[PDB]
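**Student:** First residue of the first sequence: 1, per PDB author numbering; consecutive thereafter.
All C-beta atoms in this analysis are idealised placements derived from N, C-alpha and C, irrespective of residue type, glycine included.
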Amino acid sequence: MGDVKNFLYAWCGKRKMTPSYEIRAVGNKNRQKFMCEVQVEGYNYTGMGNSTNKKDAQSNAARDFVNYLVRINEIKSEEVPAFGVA
RNA sequence: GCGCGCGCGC
RNA sequence: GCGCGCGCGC
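In structure tokens form, the structure reads like this:
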């Protein structure tokens, strides 16, 4: 979803912190790729994302991260609008 | 989104 | 001119 970044952002706003994205350019100058890593304080994991543009490199890293929060039972899937259970 | 400028390719 | 990206001003 577009909104996962916004979700992760809010999620951290509660435990009163910000995520931290770090993007680096990668691959084909003429058809290029970007690499993203997100971290959050107090969490032992780096969400990783690749894409053509930066936004999507970020979305992908965030998805990665949230998915992990769920795996480690810090969120329920059911609480992540993007992971649309319905 | 609209504008501008930049890189790479063709 | 076209394509993929990046950045900047509204």
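1) Mind checking whether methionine 48 and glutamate 41 have CB atoms under 8 Å apart?
2) Based on Cα-Cα distance, which residue from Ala10, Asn53 and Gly84 lies nearest to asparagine 30?
3) When you compare the CB positions of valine 80 and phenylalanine 7, do they come within less than 8 Å of one another, or not?
4) Leaving out five residues on either side along the sequence, give the residues of the same chain with a beta carbon under 8 Å from the beta carbon of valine 4.
5) Where does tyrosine 68 sit, in a helix, a strand or coil, going by DSSP?
6) Could you tell me the distance, in whole angstroms, from the CA atom of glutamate 74 to the CA atom of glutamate 22?
7) Mind checking whether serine 51 and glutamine 39 have CB atoms under 8 Å apart?
8) Go ahead and pull the three-state DSSP assignment for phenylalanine 83.
9) Measure the alpha-carbon distance for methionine 17 versus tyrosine 45 and round it to whole angstroms.
**Tutor:** Once the coordinates are examined:
1) no
2) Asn53
3) yes
4) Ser59, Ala62, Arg63, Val66, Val80 and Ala82
5) helix
6) 23 Å
7) no
8) coil
9) 16 Å
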